[PDB]
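Colleague: experimental structure and sequence below, a few questions after.
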Amino acid sequence: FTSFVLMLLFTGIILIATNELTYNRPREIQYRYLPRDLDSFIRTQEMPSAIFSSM
Amino acid sequence: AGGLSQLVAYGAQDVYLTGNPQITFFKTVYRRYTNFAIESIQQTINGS
């Protein structure tokens, strides 16, 4: 009787250790500097055309 | 009638002016600038 639940937990905890890898799901995006000429062009321009963007 | 009567009158010539807008006139973006202050200071004159 006791050995049954002991083996049940024995396999179940290995199953849990396998399961746990799925939890963390972060997004990866990198940052890079503008080209110098393009940066100067963007800084110089006076009107923005489209108003705003959130991404 | 009113300004809208002109606004809607899109024509062939506009392919060069308002098709695919790159700027607007109605929202200025101001650029932040280096912090500074300015003052008038008298310098010493050497000589008569």
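Modeller: Sure thing, it's come through. Numbering: from 1, shown residues only, chains lettered A, B, ... in the order given.
Colleague: going forward, measure contacts between C-alpha atoms and count neighbours the same way
Modeller: Fine.
Colleague: pretty sure residue A:47 sits against residue B:25.
Modeller: Yes - Residue A:47 lies in contact with residue B:25 (Cα atoms under 8 Å); the separation is 6.8 Å.
Colleague: of these two, who's got more company?
Modeller: The neighbour count for residue A:47 versus residue B:25, taken as other Cα atoms under 10 Å in any protein chain shown, is higher for residue A:47 (17 against 9).
Colleague: burial check on residue 35, number of neighbours?
Modeller: Looking at chain A here, since you left the chain open. Residue A:35, neighbours per other Cα under 10 Å, totals 9.
Colleague: my question was about chain B
Modeller: 5.
Colleague: any idea how far it is from chain A?
Modeller: 18 Å (Cα to the nearest Cα, to the nearest Å).
Colleague: swap in residue B:28?
Modeller: 7 Å.
Colleague: burial of that residue, as a residue count?
Modeller: Count around residue B:28 with other Cα under 10 Å applied: 11.
Colleague: try the one 4 residues further on
Modeller: The number of residues packed near residue B:32 is 6, by other Cα under 10 Å.
Colleague: now do residue A:9
Modeller: When counting by other Cα under 10 Å, one arrives at 13 neighbours for residue A:9.
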